[PDB]
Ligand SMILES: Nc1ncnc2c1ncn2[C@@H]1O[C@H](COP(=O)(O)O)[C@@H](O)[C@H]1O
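In structure tokens, one chain follows: the form deposited without this ligand.
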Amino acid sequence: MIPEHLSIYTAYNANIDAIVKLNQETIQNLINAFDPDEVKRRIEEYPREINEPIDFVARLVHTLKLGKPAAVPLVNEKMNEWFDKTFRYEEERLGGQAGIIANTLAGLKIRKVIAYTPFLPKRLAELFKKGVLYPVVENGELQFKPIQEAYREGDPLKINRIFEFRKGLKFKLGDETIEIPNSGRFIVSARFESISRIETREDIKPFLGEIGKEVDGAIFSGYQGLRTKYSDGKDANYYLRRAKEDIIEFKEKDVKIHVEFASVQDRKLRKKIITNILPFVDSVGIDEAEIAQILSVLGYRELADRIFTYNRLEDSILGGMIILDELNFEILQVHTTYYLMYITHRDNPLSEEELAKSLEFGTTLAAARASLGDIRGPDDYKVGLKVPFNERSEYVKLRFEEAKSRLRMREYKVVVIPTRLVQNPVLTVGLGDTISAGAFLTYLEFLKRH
């Protein structure tokens, strides 16, 4: 069942996600450090990014009193040390699509899992599972090390911080008492320059093809971390030309490549990624929100608006077909709350049943991880079998048949299954990534058999 003989490389995004519990002592001690009217002044002026500590407290306490969640970018690297010296973390865990994917695969105990990120400080390296390899240059040659032991002292440190606040708590901002209405999280995302240089670094770059010889597939993600423009005159395009070069090295070695897409708010960057990356890879993983974002920049604004507004199976099948037809990679996987879907060219070697089985492995693996919070060993996949296909399945199936009646299916194989939906899971972060990892893993297994 688990295709344990396959070897997979993942890049490029891995980071620390760190959680802080805002109890009374913690929030009051923080506020106490500042001048109260200095804080008040900063709230009304409303900082939309965090450059200095007063931006942070201001945005936070505004969020705490409203009792409504918020995410705010950290755009100054030097703040890492401030956060770390001011707060204690409940938990530090691995985040970033490549990180999560690497840890899930190493939890399945496949034959080999190599992960790469250009930024590997010790603190990040130690959050990976045992078993994940990292490529390094040693004595002028390629070697792999256990990733926990491959860290570079001084590498840039990407850390996203989730502040949990629970209802009930009161604190004071000078004389003014303040009770928190609801629970929630205040999220501070790493969005400074040093962690936005998303690439294979120059030392390892010359060995990518040698790395390629060691794997059956590579899963690439994290393009969404690129910025428009960089300090040293580099730009998104510069990094995207390097990204294309990496793709070429693996595909020349007969590696199949899967790109897991992501939300890219800047439409121009989103357009550059789609243009530069998608037509050149084999497999692509998107969610329902992403399908519309892509269509929107491809010019299909009406259909994108329909998808966003009504979330119908039919409009997603049409929109997936358009994206495949326009971009001409090999297979598209769409993940949605109630159904997963594959769209392939008519000459894809897999049968409908194998395509279904691959999707089923994906939703099963994700349901497992959503229930347990972590894949420790291959038997854990079986926990996903305990999560039934959702209550909308029969309606999904009926609507799929109606959709096939309305829409053309000449040039395309379209396969739809219902998800093993977990209502309210131990782990929310990265379920889409885990679906794609399982789907792509089994897609490789079936191709290899063919």
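Residue numbers run from 1 along the displayed sequence.
One more form of this protein should be noted, the form deposited with this ligand bound, which is absent from this view; the next part is about it.
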| Residues in which of 8-16, 425-433, 438-446, 21-29 have heavy atoms within 4.5 Å of this ligand in the deposited complex? | 425-433
| note | Assert contact residue (this ligand, in the deposited complex, non-hydrogen atom within 4.5 Å, options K272, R161, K256, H335) equals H335
| field | The single option of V215, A125, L340, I317 touching this ligand in the deposited complex, heavy atom within 4.5 Å | value | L340
| query | Closest heavy atom of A370 to this ligand in the deposited complex, within 4.5 Å or not? | reply | yes
| request: Give a yes/no on whether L421 approaches this ligand to within 4.5 Å in the deposited complex, heavy atoms considered. | output: yes
